[PDB]
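Trainee: Experimental coordinates follow, after the sequence.
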2 protein chains.
Amino acid sequence: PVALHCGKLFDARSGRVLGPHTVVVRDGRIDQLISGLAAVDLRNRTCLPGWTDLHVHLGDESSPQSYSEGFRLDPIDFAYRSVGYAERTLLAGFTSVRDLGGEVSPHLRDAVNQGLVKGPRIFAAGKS
Amino acid sequence: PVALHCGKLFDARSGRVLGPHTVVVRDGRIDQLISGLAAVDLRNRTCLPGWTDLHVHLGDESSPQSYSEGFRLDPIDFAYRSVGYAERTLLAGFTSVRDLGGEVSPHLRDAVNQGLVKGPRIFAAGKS
């Protein structure tokens, strides 16, 4: 249970930036929204809903050696990179993503859901 | 049948450069060697026996992409390069070589012996 005090709130549904509000969070869901318990001082910030990226590939990254690494590396080697990929994606403000290709992403989603590693909520497509 | 007129001849066995000589060739072998028929004017050159390279790999050549080409190319693709490799080796003065690795070299040797392509006499090792 925590109360967030924002100086400005972005209304996604109406697309307008409102004034100061207070958000009360209990059991991982928004419980109350007051216009006007632990507390976080955000009164000098703008609060928005977490962003969603609808096209990512968390199991890979482009590089000069990406066209010869597939014949020498294993997916287990790519998982250890995906750890940092997912952490960096989450810390940038994207709380959920849609993974659209790759067999490493379902396993990363399971690990993130079990709390083993940090990352966003993953909707994985698997093999294209 | 041709007669070669050299201004100087290198005696490999004694390791000394002799004076003008005449070499008569019949049936692919040296028939006569005279110190002092078709004719070739070499009187302003030094004649030596053909050279032998005891370590070559005629089926390949080093390049920046040589560590990723093996997974995308076939030996048939390497034969077409070996054609030029063998021609360039022969035209440089090396009439015979010892190939010490590679499965393309026995086929190149057979093709050269049958007269299909130009090259040196190949003693091929095959797979190491």
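Mentor: Thanks, I have it. Numbers count the residues shown, from 1 in each chain, chains lettered A, B, ... in the order given.
Trainee: Could you say which helix or strand holds the nearest residue to residue A:102 once chain neighbours are set aside?
Mentor: In space, not counting the residues next to it along the chain, residue A:102 is nearest to residue A:59; the distance is 3.9 Å by Cβ to Cβ, 6 or more residues apart in numbering or on different chains. Any C-beta I mention is one placed from the backbone N, CA and C, and that applies to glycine too. Counting by DSSP states H and E, there is no helix or strand that carries residue A:59.
Trainee: For the residue of chain A found nearest chain B, give me its contacts.
Mentor: Closest to chain B within chain A is residue A:68: 3.8 Å, counting by Cβ to the nearest Cβ. Under the criterion of Cβ atoms under 8 Å, 6 or more residues apart in numbering or on different chains, the neighbours of residue A:68 are B:67, B:68, B:71.
Trainee: Phi and psi next, for the second one.
Mentor: It refers to residue B:68. With angles defined as degrees, to the nearest 10, residue B:68 sits at phi -130, psi -10.
Trainee: Which helix or strand contains the residue most central in space within chain A?
Mentor: Centroid-nearest residue in chain A, with Cα atoms, centre = their mean: residue A:95, separated by 2.3 Å. Assigned by DSSP H and E, residue A:95 belongs to strand A:94-99.
Trainee: For chain A, which segments are assigned as strands?
Mentor: Ranges of strands in chain A, per DSSP state E, are A:2-11, A:16-18, A:21-26, A:29-35, A:38-47, A:51-56, A:94-99, A:121-124.
Trainee: CSV please, covering those strands and showing distance to residue B:81.
Mentor: As requested, these are exported to CSV (distance: least, Cβ to Cβ, whole Å):
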stretch, distance to residue B:81
strand A:2-11, 62
strand A:16-18, 65
strand A:21-26, 67
strand A:29-35, 66
strand A:38-47, 63
strand A:51-56, 41
strand A:94-99, 42
strand A:121-124, 44
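Trainee: nearest residue to the residue nearest to the centre of chain A other than its sequence neighbours?
Mentor: residue A:50 (3.1 Å).
Trainee: Write out the residues of chain A neighbouring chain B.
Mentor: Proximity of chain A to chain B (Cβ under 8 Å from any Cβ of the partner chain) is limited to residues A:67, A:68, A:71.
Trainee: what about the first one, neighbour count?
Mentor: Residue A:67 is surrounded by 13 other residues when neighbours are defined as other Cβ atoms under 10 Å in any protein chain shown.
Trainee: Next up, the contacts around it.
Mentor: Per Cβ under 8 Å, 6+ apart, neighbours of residue A:67: residue B:68.
Trainee: Quick check: phi and psi at it.
Mentor: Given degrees, to the nearest 10, the pair of backbone angles that residue A:67 has is phi -100, psi 0.
Trainee: packing partners for the strand holding residue A:95?
Mentor: Here strand A:94-99 touches strand A:51-56, strand A:121-124, going by 3 or more Cβ pairs under 8 Å, 6 or more residues apart in numbering or on different chains; DSSP states H and E.
Trainee: who does the shortest one touch, helix- and strand-wise?
Mentor: Under the contact criterion of 3+ Cβ pairs under 8 Å, 6+ apart, the helices and strands touching strand A:121-124 comprise strand A:94-99, helix A:105-113.
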